[PDB]
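> One structure follows; several queries about it will come next.
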Amino acid sequence: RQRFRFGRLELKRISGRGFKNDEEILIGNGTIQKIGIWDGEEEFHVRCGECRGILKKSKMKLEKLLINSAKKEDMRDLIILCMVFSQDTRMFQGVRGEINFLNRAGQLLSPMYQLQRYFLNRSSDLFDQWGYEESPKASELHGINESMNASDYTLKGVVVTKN
Ligand SMILES: C[n+]1cn([C@@H]2O[C@H](COP(=O)(O)OP(=O)(O)O)[C@@H](O)[C@H]2O)c2nc(N)[nH]c(=O)c21
């Protein structure tokens, strides 16, 4: 279970096993792109900068992300990166602009890394497409909105702890 990266995101497996299959994904800008889609419930310690979290995913779905509160920019990037890494259907649909899967020399680019790069610059569109649900009714857990503020609605599947 060794530490590994997905760009700015760092992960370490807690549980589960994924199996990858290539699928044709309809992305939110109207294009269809072939992307390795993971199947399986998997769970990971995650990190971005000084922000720690726990992520659970299943096929094309962020099941849950529990983050330990931290500087806001690092909370926000951790959230964006977990949305991309979960391969959630809503994340794909959130892409409204152009995305290239070849560079200017005609070289091959990673669809997932390209998504990461796209969304770290377009998080408002992502949060807007992703949506909100009621925050937890427990004292030791709080909701978080698009501004990384504690709120009565939280990004779906995302909760913050101070413990
Ligand atoms: C080894 N390991 C790699 N990743 C991710 O899967 C994606 C691989 O995408 P890629 O690097 O473009 O390779 P590919 O086109 O051959 O599919 C990246 O986002 C990796 O972070 C993985 N993702 C999951 N869910 N489970 C894993 O065990 C795992």
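Identifiers in the structure tokens: chain A, B, ... in order shown; residue index from 1 per chain; ligand index from 1 in order shown.
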From a backbone DSSP assignment, name each residue in range 99-153 of chain A labelled helix (DSSP H, G or I), as a list in words.
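After running DSSP on the backbone, range 99-153 of chain A has helix (DSSP H, G or I) at residues 111, 112, 113, 114, 115, 116, 117, 118, 119, 120, 121, 123, 124, 125, 126, 127, 128, 129 and 130 of chain A.
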> Give me a file of those residues, with C-alpha atoms, as a PDB file, in the first residue's frame.

ATOM      1  CA  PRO A 111      -7.048  12.085 -20.222  1.00  0.00           C
ATOM      2  CA  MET A 112      -7.156  12.025 -16.403  1.00  0.00           C
ATOM      3  CA  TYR A 113      -4.148  14.339 -15.935  1.00  0.00           C
ATOM      4  CA  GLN A 114      -5.678  16.717 -18.524  1.00  0.00           C
ATOM      5  CA  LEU A 115      -8.888  16.757 -16.437  1.00  0.00           C
ATOM      6  CA  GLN A 116      -6.907  17.528 -13.331  1.00  0.00           C
ATOM      7  CA  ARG A 117      -5.230  20.488 -15.153  1.00  0.00           C
ATOM      8  CA  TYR A 118      -8.565  21.637 -16.553  1.00  0.00           C
ATOM      9  CA  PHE A 119     -10.404  21.554 -13.222  1.00  0.00           C
ATOM     10  CA  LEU A 120      -7.737  23.108 -10.998  1.00  0.00           C
ATOM     11  CA  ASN A 121      -8.366  26.249 -13.162  1.00  0.00           C
ATOM     12  CA  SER A 123     -13.429  24.760  -9.980  1.00  0.00           C
ATOM     13  CA  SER A 124     -16.488  27.064  -9.976  1.00  0.00           C
ATOM     14  CA  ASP A 125     -17.946  25.286 -12.964  1.00  0.00           C
ATOM     15  CA  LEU A 126     -17.149  21.961 -11.229  1.00  0.00           C
ATOM     16  CA  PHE A 127     -18.708  22.912  -7.875  1.00  0.00           C
ATOM     17  CA  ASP A 128     -21.758  24.357  -9.698  1.00  0.00           C
ATOM     18  CA  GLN A 129     -22.381  21.094 -11.675  1.00  0.00           C
ATOM     19  CA  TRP A 130     -21.588  18.934  -8.620  1.00  0.00           C
TER      20      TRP A 130
END
> Within 6 Å of ligand 1, counting only C-alpha atoms and all ligand atoms, which protein or nucleic acid residues do you find, written as number ranges by chain?
A: 6, 18, 36, 38, 85, 110-112
> Create the file for the chosen residues now, containing N, CA and C atoms and written as a PDB file, in the first residue's frame.

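Generated file (again-v9.pdb):
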ATOM      1  N   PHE A   6      -1.238  11.490  -7.998  1.00  0.00           N
ATOM      2  CA  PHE A   6      -1.957  11.825  -9.211  1.00  0.00           C
ATOM      3  C   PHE A   6      -1.721  13.332  -9.355  1.00  0.00           C
ATOM      4  N   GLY A  18      -9.379  -1.790  -7.451  1.00  0.00           N
ATOM      5  CA  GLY A  18     -10.076  -1.388  -8.632  1.00  0.00           C
ATOM      6  C   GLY A  18      -9.639  -2.218  -9.809  1.00  0.00           C
ATOM      7  N   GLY A  36      -9.766   5.216 -19.402  1.00  0.00           N
ATOM      8  CA  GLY A  36      -9.731   4.107 -18.418  1.00  0.00           C
ATOM      9  C   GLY A  36     -10.584   4.395 -17.199  1.00  0.00           C
ATOM     10  N   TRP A  38     -12.169   3.073 -13.733  1.00  0.00           N
ATOM     11  CA  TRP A  38     -12.004   2.093 -12.646  1.00  0.00           C
ATOM     12  C   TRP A  38     -13.337   1.562 -12.087  1.00  0.00           C
ATOM     13  N   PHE A  85     -10.263  12.463  -9.508  1.00  0.00           N
ATOM     14  CA  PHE A  85      -9.749  11.095  -9.302  1.00  0.00           C
ATOM     15  C   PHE A  85     -10.892  10.106  -9.114  1.00  0.00           C
ATOM     16  N   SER A 110      -2.475  12.193 -21.105  1.00  0.00           N
ATOM     17  CA  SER A 110      -3.315  11.447 -20.197  1.00  0.00           C
ATOM     18  C   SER A 110      -4.675  12.111 -20.035  1.00  0.00           C
ATOM     19  N   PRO A 111      -5.765  11.409 -20.420  1.00  0.00           N
ATOM     20  CA  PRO A 111      -7.048  12.085 -20.222  1.00  0.00           C
ATOM     21  C   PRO A 111      -7.296  12.540 -18.764  1.00  0.00           C
ATOM     22  N   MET A 112      -6.957  11.694 -17.804  1.00  0.00           N
ATOM     23  CA  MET A 112      -7.156  12.025 -16.403  1.00  0.00           C
ATOM     24  C   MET A 112      -6.286  13.190 -15.925  1.00  0.00           C
TER      25      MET A 112
END
> Which residues are close to residue 54 in chain A, i.e. within 6 Å by only C-alpha atoms, leaving aside same-chain residues fewer than 3 positions away? Reply as a list in words.
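In the requested format, the answer is residues 44, 45, 46, 65 and 66 of chain A.
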> Near residue 52 in chain A, within 7 Å and counting only C-alpha atoms, which residues show up once chain neighbours fewer than 2 positions away are dropped, as a PyMOL selection string?
chain A and resi 46-48+50+67-68
> Kindly save the residues from that selection, with N, CA, C and O atoms included, as an mmCIF file, in the first residue's frame.

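That gives us out-v8.cif:
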data_model
loop_
_atom_site.group_PDB
_atom_site.id
_atom_site.type_symbol
_atom_site.label_atom_id
_atom_site.label_comp_id
_atom_site.auth_asym_id
_atom_site.auth_seq_id
_atom_site.Cartn_x
_atom_site.Cartn_y
_atom_site.Cartn_z
ATOM 1 N N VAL A 46 -5.763 10.567 1.422
ATOM 2 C CA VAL A 46 -5.383 11.506 0.375
ATOM 3 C C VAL A 46 -4.720 12.715 1.039
ATOM 4 O O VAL A 46 -4.964 13.007 2.236
ATOM 5 N N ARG A 47 -3.976 13.467 0.221
ATOM 6 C CA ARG A 47 -3.362 14.734 0.658
ATOM 7 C C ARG A 47 -3.134 15.657 -0.465
ATOM 8 O O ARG A 47 -2.686 15.252 -1.538
ATOM 9 N N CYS A 48 -3.364 16.939 -0.185
ATOM 10 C CA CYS A 48 -2.908 17.994 -1.044
ATOM 11 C C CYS A 48 -2.317 19.106 -0.155
ATOM 12 O O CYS A 48 -3.003 19.692 0.681
ATOM 13 N N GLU A 50 -1.172 20.751 2.841
ATOM 14 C CA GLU A 50 -1.242 20.551 4.245
ATOM 15 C C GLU A 50 -2.636 20.021 4.627
ATOM 16 O O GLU A 50 -2.988 19.980 5.798
ATOM 17 N N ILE A 67 -12.620 15.451 5.074
ATOM 18 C CA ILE A 67 -11.376 16.137 5.156
ATOM 19 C C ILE A 67 -11.150 16.777 6.517
ATOM 20 O O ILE A 67 -12.093 17.239 7.163
ATOM 21 N N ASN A 68 -9.883 16.841 6.917
ATOM 22 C CA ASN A 68 -9.466 17.513 8.164
ATOM 23 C C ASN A 68 -9.181 18.935 7.849
ATOM 24 O O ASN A 68 -8.349 19.203 6.931
#
> If we count only C-alpha atoms and set the cut-off at 8 Å, which residues sit around residue 145 in chain A, ignoring sequence neighbours fewer than 6 positions away in its own chain? Please answer as a JSON list (two decimals) with N, CA and C atoms, in the first residue's frame.

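Once written, around04.json looks like this:
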[["chain", "number", "residue", "atom", "x", "y", "z"],
["A", 151, "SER", "N", -21.02, 25.61, 6.33],
["A", 151, "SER", "CA", -22.32, 26.02, 5.83],
["A", 151, "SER", "C", -23.38, 24.94, 6.08],
["A", 153, "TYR", "N", -25.43, 23.80, 3.77],
["A", 153, "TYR", "CA", -25.27, 22.89, 2.65],
["A", 153, "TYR", "C", -23.79, 22.62, 2.40],
["A", 154, "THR", "N", -23.53, 21.40, 1.96],
["A", 154, "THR", "CA", -22.18, 21.00, 1.72],
["A", 154, "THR", "C", -22.13, 20.43, 0.31],
["A", 155, "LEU", "N", -20.96, 20.51, -0.29],
["A", 155, "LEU", "CA", -20.71, 19.81, -1.53],
["A", 155, "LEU", "C", -21.11, 18.32, -1.36]]
> Show me, as a list in words, the residues that have an atom within 6 Å of range 61-64 of chain A when counting only C-alpha atoms, minus same-chain residues fewer than 5 positions from it.
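So, after excluding close chain neighbours, the residues are residues 55, 56, 86, 88, 157 and 158 of chain A.
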> Interatomic distance between CA of residue 51 in chain A and CA of residue 131 in chain A?
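It comes out at 22.1 Å.
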> Quick one: pick out all strand (DSSP E or B) residues within chain A from a backbone DSSP run and write them as an NGL selection string.
:A and (4-6 or 9-16 or 19-26 or 32-39 or 42-48 or 51-58 or 61-68 or 102 or 108 or 132-134 or 141-144 or 150-151 or 153-155 or 158-161)
> Give me a file of those residues, with C-alpha atoms, as a PDB file, in the first residue's frame.

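In the end it all went to selection.pdb:
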ATOM      1  CA  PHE A   4       1.667   7.510  -4.917  1.00  0.00           C
ATOM      2  CA  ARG A   5       0.660  10.689  -6.773  1.00  0.00           C
ATOM      3  CA  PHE A   6      -1.957  11.825  -9.211  1.00  0.00           C
ATOM      4  CA  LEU A   9      -2.894  14.782  -5.229  1.00  0.00           C
ATOM      5  CA  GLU A  10      -1.043  12.244  -3.034  1.00  0.00           C
ATOM      6  CA  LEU A  11      -2.777   8.878  -2.135  1.00  0.00           C
ATOM      7  CA  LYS A  12      -2.215   5.802  -0.058  1.00  0.00           C
ATOM      8  CA  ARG A  13      -4.536   2.806  -0.240  1.00  0.00           C
ATOM      9  CA  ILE A  14      -6.575   1.877   2.806  1.00  0.00           C
ATOM     10  CA  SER A  15      -8.845  -0.712   1.194  1.00  0.00           C
ATOM     11  CA  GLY A  16     -10.426  -2.150  -1.907  1.00  0.00           C
ATOM     12  CA  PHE A  19     -10.105  -2.913 -12.111  1.00  0.00           C
ATOM     13  CA  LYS A  20      -9.792  -0.684 -15.045  1.00  0.00           C
ATOM     14  CA  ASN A  21     -11.673  -0.898 -18.377  1.00  0.00           C
ATOM     15  CA  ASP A  22     -11.550   1.504 -21.321  1.00  0.00           C
ATOM     16  CA  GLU A  23     -14.911   3.224 -21.904  1.00  0.00           C
ATOM     17  CA  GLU A  24     -16.317   5.892 -24.246  1.00  0.00           C
ATOM     18  CA  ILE A  25     -17.180   8.821 -21.957  1.00  0.00           C
ATOM     19  CA  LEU A  26     -19.458  11.644 -23.044  1.00  0.00           C
ATOM     20  CA  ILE A  32     -16.784  11.534 -26.567  1.00  0.00           C
ATOM     21  CA  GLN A  33     -13.474  10.396 -25.196  1.00  0.00           C
ATOM     22  CA  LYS A  34     -12.056   6.969 -24.422  1.00  0.00           C
ATOM     23  CA  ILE A  35     -10.872   6.906 -20.820  1.00  0.00           C
ATOM     24  CA  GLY A  36      -9.731   4.107 -18.418  1.00  0.00           C
ATOM     25  CA  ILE A  37     -12.587   3.816 -16.000  1.00  0.00           C
ATOM     26  CA  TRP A  38     -12.004   2.093 -12.646  1.00  0.00           C
ATOM     27  CA  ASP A  39     -14.536  -0.396 -11.260  1.00  0.00           C
ATOM     28  CA  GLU A  42     -11.678   1.702  -3.162  1.00  0.00           C
ATOM     29  CA  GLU A  43     -10.632   3.807  -0.226  1.00  0.00           C
ATOM     30  CA  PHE A  44      -7.563   6.061   0.218  1.00  0.00           C
ATOM     31  CA  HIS A  45      -5.768   8.365   2.530  1.00  0.00           C
ATOM     32  CA  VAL A  46      -5.383  11.506   0.375  1.00  0.00           C
ATOM     33  CA  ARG A  47      -3.362  14.734   0.658  1.00  0.00           C
ATOM     34  CA  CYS A  48      -2.908  17.994  -1.044  1.00  0.00           C
ATOM     35  CA  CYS A  51      -4.770  19.196   3.861  1.00  0.00           C
ATOM     36  CA  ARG A  52      -5.433  15.536   4.806  1.00  0.00           C
ATOM     37  CA  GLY A  53      -8.486  13.518   3.787  1.00  0.00           C
ATOM     38  CA  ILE A  54     -10.138  10.156   3.349  1.00  0.00           C
ATOM     39  CA  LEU A  55     -11.650   9.282   0.020  1.00  0.00           C
ATOM     40  CA  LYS A  56     -13.986   6.502  -0.948  1.00  0.00           C
ATOM     41  CA  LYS A  57     -14.971   5.862  -4.530  1.00  0.00           C
ATOM     42  CA  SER A  58     -16.719   3.257  -6.582  1.00  0.00           C
ATOM     43  CA  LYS A  61     -18.665   7.956  -8.194  1.00  0.00           C
ATOM     44  CA  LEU A  62     -17.189   9.803  -5.231  1.00  0.00           C
ATOM     45  CA  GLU A  63     -18.906   7.829  -2.369  1.00  0.00           C
ATOM     46  CA  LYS A  64     -17.459  10.119   0.379  1.00  0.00           C
ATOM     47  CA  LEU A  65     -14.707  12.528   1.258  1.00  0.00           C
ATOM     48  CA  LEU A  66     -13.946  13.405   4.833  1.00  0.00           C
ATOM     49  CA  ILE A  67     -11.376  16.137   5.156  1.00  0.00           C
ATOM     50  CA  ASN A  68      -9.466  17.513   8.164  1.00  0.00           C
ATOM     51  CA  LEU A 102      -2.697  15.663 -27.723  1.00  0.00           C
ATOM     52  CA  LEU A 108      -0.317  11.594 -26.364  1.00  0.00           C
ATOM     53  CA  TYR A 132     -25.171  20.376  -2.691  1.00  0.00           C
ATOM     54  CA  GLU A 133     -26.934  18.408  -0.030  1.00  0.00           C
ATOM     55  CA  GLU A 134     -27.799  19.116   3.585  1.00  0.00           C
ATOM     56  CA  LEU A 141     -18.658  17.234  11.489  1.00  0.00           C
ATOM     57  CA  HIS A 142     -19.539  20.279   9.332  1.00  0.00           C
ATOM     58  CA  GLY A 143     -20.607  21.067   5.759  1.00  0.00           C
ATOM     59  CA  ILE A 144     -18.446  23.144   3.381  1.00  0.00           C
ATOM     60  CA  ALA A 150     -18.726  26.064   7.009  1.00  0.00           C
ATOM     61  CA  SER A 151     -22.320  26.020   5.827  1.00  0.00           C
ATOM     62  CA  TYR A 153     -25.270  22.892   2.647  1.00  0.00           C
ATOM     63  CA  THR A 154     -22.182  21.000   1.716  1.00  0.00           C
ATOM     64  CA  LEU A 155     -20.714  19.805  -1.531  1.00  0.00           C
ATOM     65  CA  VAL A 158     -17.959  15.993   1.298  1.00  0.00           C
ATOM     66  CA  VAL A 159     -17.634  16.593   5.017  1.00  0.00           C
ATOM     67  CA  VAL A 160     -15.074  18.331   7.286  1.00  0.00           C
ATOM     68  CA  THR A 161     -13.803  17.303  10.730  1.00  0.00           C
TER      69      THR A 161
END
> Counting only C-alpha atoms, figure out which residue out of A:40, A:69, A:152, A:95 gets nearest to residue 138 in chain A.
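For residue 138 in chain A, the nearest of the given residues is A:152.
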> Nearest residue to residue 94 in chain A out of A:109, A:1, A:80, A:162, using only C-alpha atoms?
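Using only C-alpha atoms, residue 94 in chain A sits closest to A:80.
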